[PDB]
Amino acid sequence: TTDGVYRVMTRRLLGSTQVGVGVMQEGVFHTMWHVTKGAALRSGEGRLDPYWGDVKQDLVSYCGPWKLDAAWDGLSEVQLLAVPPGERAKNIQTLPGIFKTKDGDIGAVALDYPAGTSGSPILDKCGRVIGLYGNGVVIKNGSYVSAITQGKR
């Protein structure tokens, strides 16, 4: 339960399958709802049970409340620590775009990665997680643009 970024694995497919990404901070595990659908996770000989979730936000916490409070300044560059299945975590610097909605605007990263990359954190220059990656749209060019999904602590 040490802090850091973790892979969400499952043997329910043909074998070892990475279904998404997750961030452990302050003893709470943060991933996206669509990755686990609230399913309980194994951390060795111990299990982690869901504590909070919201299908609309596509987020879910484990072992406690959501702890990530950092927000993108809407100005500076940020880094997506992508964790693709079977690939070493790589920091990808980028400048977030804007998802213009009726309830306001949110940052978006125009990076395309395998489906199993859902949940990889997005960092600010200070090292604070400002959101999760994996919930977005597909633009004209067939591109993928994921929103910078962040919850409320």
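Quick note: we count residues from 1 along the sequence shown, nothing fancier. Think of the rigid core as the biggest set of C-alphas that the two forms share within 1.5 Å after superposition.
**Student:** Quick check: by Cα RMS after rigid core superposition, does 12-20 or 125-133 differ more from this form in 4 other deposited structures of this protein?
**Tutor:** Farther on average in 4 other deposited structures of this protein: 12-20.
**Student:** According to the deposited model, is the average Cα temperature factor higher in 100-108 or in 113-121?
**Tutor:** The stretch with the larger average C-alpha B-factor is 100-108.
**Student:** By the record's CA B-factor, is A39 among the lowest, middle or highest third of residues in the chain?
**Tutor:** For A39, whose C-alpha B-factor we compare with every modelled residue in the chain, the answer is the highest third.
**Student:** What third of the chain, by the recorded C-alpha B-factor, contains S146?
**Tutor:** CA B-factor rank for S146: middle third.
**Student:** Sorting the chain's CA B-factors, does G22 end up in the lowest, middle or highest third?
**Tutor:** For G22, whose C-alpha B-factor we compare with every modelled residue in the chain, the answer is the lowest third.
**Student:** Which third of the chain holds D69 when residues are ordered by C-alpha B factor: lowest, middle or highest?
**Tutor:** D69: CA B-factor falls in the middle third of its chain.
**Student:** Which third, lowest, middle or highest, does the CA B-factor of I130 fall in along this chain?
**Tutor:** Within its chain, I130 is a lowest-third residue by C-alpha B-factor, going by the deposited values.
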